[PDB]
Amino acid sequence: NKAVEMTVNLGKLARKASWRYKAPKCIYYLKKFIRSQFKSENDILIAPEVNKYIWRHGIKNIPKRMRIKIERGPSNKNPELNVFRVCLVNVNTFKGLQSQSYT
Amino acid sequence: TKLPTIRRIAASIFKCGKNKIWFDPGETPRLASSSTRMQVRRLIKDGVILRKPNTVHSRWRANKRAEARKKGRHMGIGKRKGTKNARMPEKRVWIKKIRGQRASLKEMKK
Amino acid sequence: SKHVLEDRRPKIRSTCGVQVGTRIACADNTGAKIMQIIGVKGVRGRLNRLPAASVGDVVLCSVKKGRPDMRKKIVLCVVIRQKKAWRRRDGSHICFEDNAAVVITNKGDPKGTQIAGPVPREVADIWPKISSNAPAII
Amino acid sequence: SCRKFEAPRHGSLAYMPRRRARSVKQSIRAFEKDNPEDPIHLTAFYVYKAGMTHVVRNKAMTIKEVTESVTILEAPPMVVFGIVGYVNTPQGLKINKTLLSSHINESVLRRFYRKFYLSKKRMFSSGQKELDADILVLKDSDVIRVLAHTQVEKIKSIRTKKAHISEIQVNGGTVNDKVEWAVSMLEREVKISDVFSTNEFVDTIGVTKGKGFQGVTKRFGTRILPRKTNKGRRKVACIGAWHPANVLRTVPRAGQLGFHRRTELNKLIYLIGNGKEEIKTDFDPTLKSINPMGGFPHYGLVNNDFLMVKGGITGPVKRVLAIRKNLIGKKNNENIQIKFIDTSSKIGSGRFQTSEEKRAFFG
Amino acid sequence: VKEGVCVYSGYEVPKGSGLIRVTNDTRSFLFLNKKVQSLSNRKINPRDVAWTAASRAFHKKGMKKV
RNA sequence: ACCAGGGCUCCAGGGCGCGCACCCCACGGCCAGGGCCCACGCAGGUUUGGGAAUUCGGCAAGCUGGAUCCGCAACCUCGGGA
RNA sequence: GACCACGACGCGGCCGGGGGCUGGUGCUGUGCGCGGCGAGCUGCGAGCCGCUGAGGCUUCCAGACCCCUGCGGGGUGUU
Ligand SMILES: [Mg+2]
Ligand SMILES: [Mg+2]
Ligand SMILES: [Mg+2]
Ligand SMILES: [Mg+2]
Ligand SMILES: [Mg+2]
Ligand SMILES: [Mg+2]
Ligand SMILES: [Mg+2]
Ligand SMILES: [Mg+2]
Ligand SMILES: [Mg+2]
Ligand SMILES: [Mg+2]
């Protein structure tokens with residue numbers, strides 16, 4: 001049960017999104033990115049602070065980078081099944097930040 | 001079924017719009033049990049139901065533009081879209097002129 | 001056929017900037033000021049394609065304004081300048097400020113005795129008699 | 001009745017039906033005419049498209065400086081690992097004998113598998129007592145071709161270890177000496193400089209850039225209908241007469257454009273060099289790689305032997321490309337003297353030739 | 001082998017790039033690209049455009065000497 | 001028909017501006033699949049050079065555009081034209 | 001992804017990949033912030049200057065750096 005803290009480029013994840021709907025498709029491409037990164041089919045719980053960060057400048061002007069933190073854990077609904085919780089990491093700059101993992 | 005009923009009850013109590021009403025998200029089973037205005041007033045008193053403030057429409061930029069216009073800042077040729085008579089009525093100028101001259105002429109006569 | 005060019009010259013392939021219908025300046029002192037292109041000498045013709053010319057190409061023109069003995073007359077001229085930038089043979093690109101042509105005779109000699117404005121090396125290579133009447137060759 | 005104004009046909013019927021190519025690697029459909037008084041030499045090679053630049057060369061006629069687009073085909077040496085012999089049959093050519101080497105490596109047997117990672121690699125488990133019997137029947141052949149594969153891992157920008165196998169005709173004299181050369185060259189690399197040389201014309205065989213399903217205006221260059229046109233302007237309007245009561249195959253219809261096999265003739269080799277060594281010309285005294293600043297766009301850097309070919313080459317970069325000698329005997333009378341090679345950045349429009357030239361500009 | 005120096009930016013123009021605009025005064029000006037040409041058509045002084053060599057010479061941030 | 005239609009009357013706060021025009025905000029009220037975007041569309045931008053050669057025809061598109069100051073012809077029913 | 005409407009096609013599936021980050025290469029044109037000029041006005045002040053060819057961006061290229069990371073199902077041949 002690690003906790004991966006990493007920078008995602010929401011520009012690069014949503015290049016194939018429409019400019020008109022960059023924000024909701026960014027949620028789609030992020031959850032598709034988490035599943036390909038950790039090869040799993042557990043649900044991704046996007047924290048509302050993450051979703052508020054993406055829609056910060058409306059639907060077209062998504063921020064380029066975004067530091068997140070992924071917590072594998074059991075589901076509060078059903079503890080039989082694990083789940084991903086993407087939580088937002090507030091950072092002042094992205095220059096030089098390395099992706100890390102810890103428990 | 002139940003919580004939009006409370007929202008218009010709390011709106012008629014507050015005399016505001018239903019969209020200006022915030023329910024406590026932790027307190028929905030107490031909200032779903034209450035059904036009378038006496039109970040919804042108790043939820044307002046307990047703070048479960050709040051009236052949100054109105055959305056900010058500040059007049060800072062309008063007042064900053066107004067006092068700048070009083071100095072004459074945005075009064076140039078390129079900032080006029082109505083005619084001279086539309087922007088300042090030629091009749092209103094004459095009436096202000098001739099009534100001032102008529103008043104002081106009488107005040108000389110007295 | 002009414003306006004023959006008795007000795008036809010080589011053409012230099014470049015981006016054709018003028019066409020039939022292009023109003024061009026007249027650079028020499030023949031008394032013509034603005035001419036409109038009637039046809040281009042040598043053009044085989046394709047379906048729906050307007051015949052287009054580049055610098056050094058022989059062009060038929062009706063003098064749209066100028067001296068009264070010169071106006072409303074079909075004339076032979078050679079395109080000497082072009083607003084469209086064209087790639088030279090060395091691969092650089094050169095653009096002139098206007099579209100200009102110079103009235104020539106049927107033997108290929110210029111009618112005017114001087115040319116206002118410059119000509120490029122393309123007009124100098126094909127028409128040494130034309131570029132002699134110009135001030136500078138660029 | 002007759003059409004009012006005549007015009008040429010839109011697009012060649014020589015390339016219709018415009019279908020997709022069956023493969024990405026194209027086999028040589030025709031090698032040059034084998035001359036027995038010629039020395040023994042290979043006739044084709046398989047290269048990979050890296051990118052384009054332009055060179056500057058002196059075009060003697062007085063000397064006039066001209067610049068010309070070239071393209072750079074990275075050519076790691078090809079390993080000859082088999083021989084194929086042919087006989088002239090009244091039905092055509094027939095496989096006389098196929099002789100493989102005892103060694104077939106992981107690159108070239110990646111080609112024989114669809115999913116290699118899940119494979120057990122048991123192809124070509126394969127005796128050397130039958131070599132002399134297989135060489136002897138191979139000496140009875142009429143046409144000798146070697147089986148050569150490319151070394152795709154040497155490029156490393158193309159994420160492909162799976163090799164491209166092809167037959168290359170051994171042209172020279174006395175079929176005895178053809179296979180004696182060919183058994184000498186088994187499991188040996190053949191350089192691009194051994195096959196071709198500079199200022200000689202070659203034919204390039206490749207597959208074009210795929211464009212997908214395209215309409216008739218891109219596929220054939222038919223005229224866009226006027227602005228008033230209901231039901232669409234990028235069409236052919238009349239697709240046929242009443243009689244014959246079918247549509248002819250000569251009518252431009254919408255379909256697949258690109259990813260077609262193309263053979264382009266008389267592509268002149270300007271330079272044969274290596275991607276590691278730095279080129280210097282007589283007129284430009286700077287040692288620089290053939291790789292431009294920032295690498296070749298969508299390719300990378302050339303680290304193997306490269307082929308500089310005048311003009312454009314069929315297909316996108318990183319695609320395999322067959323190159324053969326021309327089937328007619330066409331030599332270049334001109335001698336190409338390359339004055340300058342533009343190694344400026346093709347990302348954007350770079351103005352520096354080297355990164356040292358950029359670092360000197362900014363301090 | 002370069003084309004020359006740009007008349008506006010002062011940059012070195014590679015061979016094959018640039019445009020030689022001739023202005024009917026028998027004067028030829030070599031411009032580097034279309035960005036430079038658009039500034040020159042708008043009659044913008046190259047000292048106003050901060051990245052050109054004319055402005056860095058004007059602001060004296062261009063260099064240090066030997 | 002939970003139909004982009006039609007159907008009498010009343011009530012619009014702030015900014016811009018001549019304007020209860022447009023546009024933005026407030027009040028009040030709202031938000032009804034997924035993925036990928038080939039061709040051809042429908043709707044909308046931009047197209048070097050040429051500039052009506054297109055076409056039955058400048059259709060469509062484009063140019064002009066508010067205001068201030070200046071200047072304003074033939075003609076005319078003397079008012080206009082403007 | 002070099003192919004592609006969908007199929008198909010091309011590469012690869014831990015000797016692997018993806019993403020970060022750094023460098024390269026470009027584009028834009030000198031960021032926010034702090035501190036000197038600034039027409040004048042009785043401290044305000046558009047703009048300018050310096051730090052700052054800065055900052056933003058880079059979908060292309062490189063990496064010897066950081067992090068993550070699975071191995072399920074279907075079918076058919078041979079003996
Ligand atoms: Mg009045
Ligand atoms: Mg026609
Ligand atoms: Mg119609
Ligand atoms: Mg490029
Ligand atoms: Mg209002
Ligand atoms: Mg145009
Ligand atoms: Mg017309
Ligand atoms: Mg017509
Ligand atoms: Mg007409
Ligand atoms: Mg109209």
# chains A, B, ... in the order shown; residues from 1 in each chain; ligands from 1

$ residues_near_ligand --ligand "ligand 2" --cutoff "9 Å" --atoms "only C-alpha atoms (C1' of nucleotides) and all ligand atoms" --output "list in words"
residues 47, 48 and 49 of chain C; 5 of chain D; 54 of chain F

$ write_last_selection --atoms "N, CA and C atoms (P, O5', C5', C4', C3', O3' and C1' of nucleotides)" --output "PDB file, in the first residue's frame"
ATOM      1  N   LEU C  47      -7.753  23.732 -68.899  1.00  0.00           N
ATOM      2  CA  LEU C  47      -9.156  24.026 -68.660  1.00  0.00           C
ATOM      3  C   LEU C  47      -9.321  24.802 -67.363  1.00  0.00           C
ATOM      4  N   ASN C  48     -10.016  25.935 -67.462  1.00  0.00           N
ATOM      5  CA  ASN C  48     -10.382  26.877 -66.407  1.00  0.00           C
ATOM      6  C   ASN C  48      -9.212  27.656 -65.827  1.00  0.00           C
ATOM      7  N   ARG C  49      -7.979  27.375 -66.224  1.00  0.00           N
ATOM      8  CA  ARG C  49      -6.821  28.060 -65.669  1.00  0.00           C
ATOM      9  C   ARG C  49      -6.576  29.358 -66.420  1.00  0.00           C
TER      10      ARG C  49
ATOM     11  N   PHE D   5     -15.564  21.322 -73.475  1.00  0.00           N
ATOM     12  CA  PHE D   5     -14.156  21.662 -73.441  1.00  0.00           C
ATOM     13  C   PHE D   5     -13.364  20.472 -72.946  1.00  0.00           C
TER      14      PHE D   5
ATOM     15  P     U F  54     -15.466  34.837 -66.530  1.00  0.00           P
ATOM     16  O5'   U F  54     -15.297  34.244 -65.075  1.00  0.00           O
ATOM     17  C5'   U F  54     -14.770  32.948 -64.848  1.00  0.00           C
ATOM     18  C4'   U F  54     -15.361  32.348 -63.605  1.00  0.00           C
ATOM     19  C3'   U F  54     -16.833  32.034 -63.708  1.00  0.00           C
ATOM     20  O3'   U F  54     -17.058  30.772 -64.294  1.00  0.00           O
ATOM     21  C1'   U F  54     -16.435  33.243 -61.725  1.00  0.00           C
TER      22        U F  54
END

$ residues_near_ligand --ligand "ligand 3" --cutoff "9 Å" --atoms "only C-alpha atoms (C1' of nucleotides) and all ligand atoms" --output "list in words"
residues 228, 229, 230 and 231 of chain D

$ residues_near_ligand --ligand "ligand 10" --cutoff "10 Å" --atoms "only C-alpha atoms (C1' of nucleotides) and all ligand atoms" --output "PyMOL selection string"
chain F and resi 58-62

$ residues_near_ligand --ligand "ligand 9" --cutoff "9 Å" --atoms "only C-alpha atoms (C1' of nucleotides) and all ligand atoms" --output "PyMOL selection string"
chain F and resi 52-55

$ write_last_selection --atoms "C-alpha atoms (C1' of nucleotides)" --output "PDB file, in the first residue's frame"
ATOM      1  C1'   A F  52     -15.220  39.378 -60.973  1.00  0.00           C
ATOM      2  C1'   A F  53     -11.012  36.523 -65.280  1.00  0.00           C
ATOM      3  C1'   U F  54     -16.435  33.243 -61.725  1.00  0.00           C
ATOM      4  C1'   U F  55     -21.415  33.621 -62.949  1.00  0.00           C
TER       5        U F  55
END

$ closest_residue --among "D:53, D:193, D:135, D:331" --to "ligand 4" --atoms "only C-alpha atoms and all ligand atoms"
D:53

$ select_by_dssp --residues "chain B" --states "alpha helix (DSSP H)" --output "PDB file with N, CA and C atoms, in the first residue's frame"
ATOM      1  N   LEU B   3     -36.362  16.692   0.207  1.00  0.00           N
ATOM      2  CA  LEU B   3     -35.493  17.848   0.397  1.00  0.00           C
ATOM      3  C   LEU B   3     -35.793  19.065  -0.478  1.00  0.00           C
ATOM      4  N   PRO B   4     -36.299  18.937  -1.713  1.00  0.00           N
ATOM      5  CA  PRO B   4     -36.854  20.135  -2.358  1.00  0.00           C
ATOM      6  C   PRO B   4     -38.086  20.700  -1.676  1.00  0.00           C
ATOM      7  N   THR B   5     -38.808  19.912  -0.879  1.00  0.00           N
ATOM      8  CA  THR B   5     -39.910  20.468  -0.102  1.00  0.00           C
ATOM      9  C   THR B   5     -39.381  21.386   0.986  1.00  0.00           C
ATOM     10  N   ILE B   6     -38.297  20.977   1.646  1.00  0.00           N
ATOM     11  CA  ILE B   6     -37.689  21.792   2.692  1.00  0.00           C
ATOM     12  C   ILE B   6     -37.098  23.061   2.104  1.00  0.00           C
ATOM     13  N   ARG B   7     -36.586  22.977   0.877  1.00  0.00           N
ATOM     14  CA  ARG B   7     -35.909  24.115   0.271  1.00  0.00           C
ATOM     15  C   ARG B   7     -36.880  25.248  -0.044  1.00  0.00           C
ATOM     16  N   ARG B   8     -38.100  24.931  -0.471  1.00  0.00           N
ATOM     17  CA  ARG B   8     -39.052  26.014  -0.676  1.00  0.00           C
ATOM     18  C   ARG B   8     -39.686  26.457   0.630  1.00  0.00           C
ATOM     19  N   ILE B   9     -39.725  25.584   1.635  1.00  0.00           N
ATOM     20  CA  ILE B   9     -40.193  26.001   2.947  1.00  0.00           C
ATOM     21  C   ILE B   9     -39.194  26.956   3.572  1.00  0.00           C
ATOM     22  N   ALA B  10     -37.908  26.635   3.469  1.00  0.00           N
ATOM     23  CA  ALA B  10     -36.883  27.532   3.978  1.00  0.00           C
ATOM     24  C   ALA B  10     -36.773  28.802   3.149  1.00  0.00           C
ATOM     25  N   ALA B  11     -37.201  28.766   1.889  1.00  0.00           N
ATOM     26  CA  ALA B  11     -37.189  29.974   1.074  1.00  0.00           C
ATOM     27  C   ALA B  11     -38.320  30.898   1.461  1.00  0.00           C
ATOM     28  N   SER B  12     -39.482  30.336   1.756  1.00  0.00           N
ATOM     29  CA  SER B  12     -40.600  31.155   2.177  1.00  0.00           C
ATOM     30  C   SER B  12     -40.394  31.703   3.580  1.00  0.00           C
ATOM     31  N   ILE B  13     -39.602  31.022   4.404  1.00  0.00           N
ATOM     32  CA  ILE B  13     -39.248  31.567   5.707  1.00  0.00           C
ATOM     33  C   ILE B  13     -38.268  32.716   5.543  1.00  0.00           C
ATOM     34  N   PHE B  14     -37.196  32.487   4.794  1.00  0.00           N
ATOM     35  CA  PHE B  14     -36.167  33.492   4.590  1.00  0.00           C
ATOM     36  C   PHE B  14     -36.593  34.621   3.672  1.00  0.00           C
ATOM     37  N   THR B  28     -28.276  15.672   6.481  1.00  0.00           N
ATOM     38  CA  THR B  28     -29.436  15.323   5.659  1.00  0.00           C
ATOM     39  C   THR B  28     -30.464  14.389   6.305  1.00  0.00           C
ATOM     40  N   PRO B  29     -30.130  13.413   7.176  1.00  0.00           N
ATOM     41  CA  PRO B  29     -31.227  12.638   7.775  1.00  0.00           C
ATOM     42  C   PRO B  29     -32.064  13.421   8.762  1.00  0.00           C
ATOM     43  N   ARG B  30     -31.522  14.458   9.391  1.00  0.00           N
ATOM     44  CA  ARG B  30     -32.379  15.324  10.186  1.00  0.00           C
ATOM     45  C   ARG B  30     -33.242  16.189   9.284  1.00  0.00           C
ATOM     46  N   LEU B  31     -32.688  16.612   8.152  1.00  0.00           N
ATOM     47  CA  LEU B  31     -33.437  17.433   7.211  1.00  0.00           C
ATOM     48  C   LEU B  31     -34.555  16.645   6.554  1.00  0.00           C
ATOM     49  N   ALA B  32     -34.314  15.374   6.246  1.00  0.00           N
ATOM     50  CA  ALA B  32     -35.337  14.568   5.595  1.00  0.00           C
ATOM     51  C   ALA B  32     -36.453  14.165   6.542  1.00  0.00           C
ATOM     52  N   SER B  33     -36.227  14.237   7.850  1.00  0.00           N
ATOM     53  CA  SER B  33     -37.269  13.862   8.795  1.00  0.00           C
ATOM     54  C   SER B  33     -38.205  15.025   9.083  1.00  0.00           C
ATOM     55  N   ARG B  37     -43.011  23.910   9.093  1.00  0.00           N
ATOM     56  CA  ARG B  37     -42.274  25.165   9.158  1.00  0.00           C
ATOM     57  C   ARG B  37     -41.720  25.411  10.544  1.00  0.00           C
ATOM     58  N   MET B  38     -42.401  24.905  11.570  1.00  0.00           N
ATOM     59  CA  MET B  38     -41.886  24.990  12.926  1.00  0.00           C
ATOM     60  C   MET B  38     -40.597  24.192  13.071  1.00  0.00           C
ATOM     61  N   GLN B  39     -40.474  23.091  12.332  1.00  0.00           N
ATOM     62  CA  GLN B  39     -39.233  22.333  12.355  1.00  0.00           C
ATOM     63  C   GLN B  39     -38.163  22.974  11.493  1.00  0.00           C
ATOM     64  N   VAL B  40     -38.547  23.589  10.376  1.00  0.00           N
ATOM     65  CA  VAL B  40     -37.551  24.189   9.497  1.00  0.00           C
ATOM     66  C   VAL B  40     -37.011  25.470  10.113  1.00  0.00           C
ATOM     67  N   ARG B  41     -37.832  26.169  10.899  1.00  0.00           N
ATOM     68  CA  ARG B  41     -37.327  27.299  11.672  1.00  0.00           C
ATOM     69  C   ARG B  41     -36.342  26.842  12.733  1.00  0.00           C
ATOM     70  N   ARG B  42     -36.575  25.665  13.308  1.00  0.00           N
ATOM     71  CA  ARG B  42     -35.639  25.114  14.275  1.00  0.00           C
ATOM     72  C   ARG B  42     -34.327  24.737  13.607  1.00  0.00           C
ATOM     73  N   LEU B  43     -34.389  24.282  12.357  1.00  0.00           N
ATOM     74  CA  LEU B  43     -33.172  23.965  11.624  1.00  0.00           C
ATOM     75  C   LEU B  43     -32.419  25.215  11.216  1.00  0.00           C
ATOM     76  N   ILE B  44     -33.129  26.318  11.000  1.00  0.00           N
ATOM     77  CA  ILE B  44     -32.458  27.580  10.737  1.00  0.00           C
ATOM     78  C   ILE B  44     -31.790  28.085  12.005  1.00  0.00           C
ATOM     79  N   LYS B  45     -32.488  27.976  13.137  1.00  0.00           N
ATOM     80  CA  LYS B  45     -31.929  28.384  14.418  1.00  0.00           C
ATOM     81  C   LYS B  45     -30.748  27.510  14.813  1.00  0.00           C
ATOM     82  N   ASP B  46     -30.817  26.214  14.522  1.00  0.00           N
ATOM     83  CA  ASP B  46     -29.688  25.339  14.799  1.00  0.00           C
ATOM     84  C   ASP B  46     -28.556  25.505  13.800  1.00  0.00           C
ATOM     85  N   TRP B  60     -16.703  48.897  -7.219  1.00  0.00           N
ATOM     86  CA  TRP B  60     -15.402  49.545  -7.132  1.00  0.00           C
ATOM     87  C   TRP B  60     -14.933  50.019  -8.498  1.00  0.00           C
ATOM     88  N   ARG B  61     -15.024  49.151  -9.504  1.00  0.00           N
ATOM     89  CA  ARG B  61     -14.566  49.502 -10.843  1.00  0.00           C
ATOM     90  C   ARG B  61     -15.445  50.565 -11.471  1.00  0.00           C
ATOM     91  N   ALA B  62     -16.740  50.535 -11.177  1.00  0.00           N
ATOM     92  CA  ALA B  62     -17.630  51.564 -11.692  1.00  0.00           C
ATOM     93  C   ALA B  62     -17.366  52.898 -11.018  1.00  0.00           C
ATOM     94  N   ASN B  63     -17.069  52.882  -9.721  1.00  0.00           N
ATOM     95  CA  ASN B  63     -16.801  54.132  -9.027  1.00  0.00           C
ATOM     96  C   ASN B  63     -15.422  54.663  -9.362  1.00  0.00           C
ATOM     97  N   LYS B  64     -14.477  53.774  -9.650  1.00  0.00           N
ATOM     98  CA  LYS B  64     -13.170  54.228 -10.101  1.00  0.00           C
ATOM     99  C   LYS B  64     -13.255  54.821 -11.498  1.00  0.00           C
ATOM    100  N   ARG B  65     -14.119  54.262 -12.343  1.00  0.00           N
ATOM    101  CA  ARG B  65     -14.326  54.823 -13.669  1.00  0.00           C
ATOM    102  C   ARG B  65     -15.088  56.134 -13.598  1.00  0.00           C
ATOM    103  N   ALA B  66     -15.964  56.279 -12.607  1.00  0.00           N
ATOM    104  CA  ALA B  66     -16.782  57.481 -12.517  1.00  0.00           C
ATOM    105  C   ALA B  66     -15.950  58.686 -12.121  1.00  0.00           C
ATOM    106  N   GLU B  67     -15.085  58.525 -11.125  1.00  0.00           N
ATOM    107  CA  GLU B  67     -14.276  59.649 -10.686  1.00  0.00           C
ATOM    108  C   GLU B  67     -13.158  59.941 -11.666  1.00  0.00           C
ATOM    109  N   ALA B  68     -12.761  58.951 -12.460  1.00  0.00           N
ATOM    110  CA  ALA B  68     -11.836  59.209 -13.551  1.00  0.00           C
ATOM    111  C   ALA B  68     -12.520  59.985 -14.663  1.00  0.00           C
ATOM    112  N   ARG B  69     -13.783  59.664 -14.934  1.00  0.00           N
ATOM    113  CA  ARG B  69     -14.564  60.401 -15.917  1.00  0.00           C
ATOM    114  C   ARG B  69     -14.844  61.820 -15.447  1.00  0.00           C
ATOM    115  N   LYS B  70     -14.955  62.019 -14.136  1.00  0.00           N
ATOM    116  CA  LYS B  70     -15.155  63.357 -13.603  1.00  0.00           C
ATOM    117  C   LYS B  70     -13.922  64.224 -13.810  1.00  0.00           C
ATOM    118  N   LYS B  71     -12.740  63.623 -13.814  1.00  0.00           N
ATOM    119  CA  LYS B  71     -11.543  64.313 -14.261  1.00  0.00           C
ATOM    120  C   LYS B  71     -11.467  64.419 -15.774  1.00  0.00           C
ATOM    121  N   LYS B  84     -23.490  65.038 -30.279  1.00  0.00           N
ATOM    122  CA  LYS B  84     -23.325  66.108 -29.303  1.00  0.00           C
ATOM    123  C   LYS B  84     -24.639  66.433 -28.614  1.00  0.00           C
ATOM    124  N   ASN B  85     -25.719  66.538 -29.383  1.00  0.00           N
ATOM    125  CA  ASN B  85     -27.036  66.792 -28.817  1.00  0.00           C
ATOM    126  C   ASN B  85     -27.553  65.611 -28.012  1.00  0.00           C
ATOM    127  N   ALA B  86     -27.181  64.387 -28.370  1.00  0.00           N
ATOM    128  CA  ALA B  86     -27.651  63.243 -27.598  1.00  0.00           C
ATOM    129  C   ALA B  86     -26.908  63.147 -26.281  1.00  0.00           C
ATOM    130  N   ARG B  87     -25.610  63.402 -26.324  1.00  0.00           N
ATOM    131  CA  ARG B  87     -24.757  63.288 -25.154  1.00  0.00           C
ATOM    132  C   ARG B  87     -24.986  64.426 -24.171  1.00  0.00           C
ATOM    133  N   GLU B  90     -28.880  70.089 -26.419  1.00  0.00           N
ATOM    134  CA  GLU B  90     -28.756  71.489 -26.799  1.00  0.00           C
ATOM    135  C   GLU B  90     -29.907  72.314 -26.255  1.00  0.00           C
ATOM    136  N   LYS B  91     -31.057  71.678 -26.043  1.00  0.00           N
ATOM    137  CA  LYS B  91     -32.179  72.329 -25.384  1.00  0.00           C
ATOM    138  C   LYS B  91     -31.927  72.498 -23.894  1.00  0.00           C
ATOM    139  N   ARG B  92     -31.336  71.493 -23.254  1.00  0.00           N
ATOM    140  CA  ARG B  92     -31.064  71.571 -21.824  1.00  0.00           C
ATOM    141  C   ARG B  92     -29.993  72.605 -21.522  1.00  0.00           C
ATOM    142  N   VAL B  93     -29.080  72.829 -22.463  1.00  0.00           N
ATOM    143  CA  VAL B  93     -28.072  73.867 -22.294  1.00  0.00           C
ATOM    144  C   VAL B  93     -28.714  75.242 -22.366  1.00  0.00           C
ATOM    145  N   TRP B  94     -29.619  75.437 -23.324  1.00  0.00           N
ATOM    146  CA  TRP B  94     -30.267  76.733 -23.491  1.00  0.00           C
ATOM    147  C   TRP B  94     -31.162  77.065 -22.314  1.00  0.00           C
ATOM    148  N   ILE B  95     -31.887  76.072 -21.807  1.00  0.00           N
ATOM    149  CA  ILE B  95     -32.779  76.285 -20.677  1.00  0.00           C
ATOM    150  C   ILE B  95     -31.985  76.620 -19.427  1.00  0.00           C
ATOM    151  N   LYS B  96     -30.861  75.942 -19.219  1.00  0.00           N
ATOM    152  CA  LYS B  96     -29.980  76.290 -18.111  1.00  0.00           C
ATOM    153  C   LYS B  96     -29.362  77.662 -18.320  1.00  0.00           C
ATOM    154  N   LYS B  97     -29.088  78.021 -19.567  1.00  0.00           N
ATOM    155  CA  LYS B  97     -28.513  79.330 -19.836  1.00  0.00           C
ATOM    156  C   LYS B  97     -29.542  80.432 -19.662  1.00  0.00           C
ATOM    157  N   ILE B  98     -30.718  80.283 -20.273  1.00  0.00           N
ATOM    158  CA  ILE B  98     -31.658  81.396 -20.286  1.00  0.00           C
ATOM    159  C   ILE B  98     -32.370  81.541 -18.947  1.00  0.00           C
ATOM    160  N   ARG B  99     -32.515  80.468 -18.172  1.00  0.00           N
ATOM    161  CA  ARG B  99     -33.143  80.630 -16.867  1.00  0.00           C
ATOM    162  C   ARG B  99     -32.188  81.265 -15.878  1.00  0.00           C
ATOM    163  N   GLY B 100     -30.893  81.030 -16.043  1.00  0.00           N
ATOM    164  CA  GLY B 100     -29.933  81.688 -15.184  1.00  0.00           C
ATOM    165  C   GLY B 100     -29.819  83.161 -15.498  1.00  0.00           C
ATOM    166  N   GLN B 101     -29.879  83.506 -16.779  1.00  0.00           N
ATOM    167  CA  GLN B 101     -29.839  84.905 -17.163  1.00  0.00           C
ATOM    168  C   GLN B 101     -31.142  85.609 -16.824  1.00  0.00           C
ATOM    169  N   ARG B 102     -32.259  84.887 -16.833  1.00  0.00           N
ATOM    170  CA  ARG B 102     -33.524  85.516 -16.482  1.00  0.00           C
ATOM    171  C   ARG B 102     -33.640  85.727 -14.986  1.00  0.00           C
ATOM    172  N   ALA B 103     -33.070  84.824 -14.194  1.00  0.00           N
ATOM    173  CA  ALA B 103     -33.159  84.953 -12.746  1.00  0.00           C
ATOM    174  C   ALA B 103     -32.320  86.113 -12.241  1.00  0.00           C
ATOM    175  N   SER B 104     -31.113  86.274 -12.774  1.00  0.00           N
ATOM    176  CA  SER B 104     -30.248  87.335 -12.285  1.00  0.00           C
ATOM    177  C   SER B 104     -30.673  88.684 -12.835  1.00  0.00           C
ATOM    178  N   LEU B 105     -31.358  88.693 -13.977  1.00  0.00           N
ATOM    179  CA  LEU B 105     -31.905  89.943 -14.485  1.00  0.00           C
ATOM    180  C   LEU B 105     -33.029  90.447 -13.606  1.00  0.00           C
ATOM    181  N   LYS B 106     -33.859  89.541 -13.096  1.00  0.00           N
ATOM    182  CA  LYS B 106     -34.887  89.941 -12.148  1.00  0.00           C
ATOM    183  C   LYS B 106     -34.271  90.375 -10.830  1.00  0.00           C
ATOM    184  N   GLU B 107     -33.202  89.701 -10.412  1.00  0.00           N
ATOM    185  CA  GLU B 107     -32.574  90.013  -9.138  1.00  0.00           C
ATOM    186  C   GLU B 107     -31.855  91.353  -9.202  1.00  0.00           C
ATOM    187  N   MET B 108     -31.435  91.769 -10.395  1.00  0.00           N
ATOM    188  CA  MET B 108     -30.991  93.144 -10.580  1.00  0.00           C
ATOM    189  C   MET B 108     -32.158  94.112 -10.487  1.00  0.00           C
ATOM    190  N   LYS B 109     -33.328  93.701 -10.971  1.00  0.00           N
ATOM    191  CA  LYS B 109     -34.468  94.606 -11.038  1.00  0.00           C
ATOM    192  C   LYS B 109     -35.056  94.860  -9.659  1.00  0.00           C
TER     193      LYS B 109
END

$ residues_near_ligand --ligand "ligand 5" --cutoff "10 Å" --atoms "only C-alpha atoms (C1' of nucleotides) and all ligand atoms" --output "list in words"
residues 12, 13, 14, 15, 16, 19 and 20 of chain F

$ write_last_selection --atoms "C-alpha atoms (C1' of nucleotides)" --output "PDB file, in the first residue's frame"
ATOM      1  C1'   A F  12     -35.668  44.630 -15.250  1.00  0.00           C
ATOM      2  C1'   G F  13     -31.133  46.172 -10.777  1.00  0.00           C
ATOM      3  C1'   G F  14     -25.430  47.372 -12.027  1.00  0.00           C
ATOM      4  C1'   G F  15     -21.516  48.682 -15.983  1.00  0.00           C
ATOM      5  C1'   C F  16     -20.626  50.270 -21.098  1.00  0.00           C
ATOM      6  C1'   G F  19     -30.065  53.742 -25.946  1.00  0.00           C
ATOM      7  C1'   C F  20     -35.409  49.023 -21.403  1.00  0.00           C
TER       8        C F  20
END
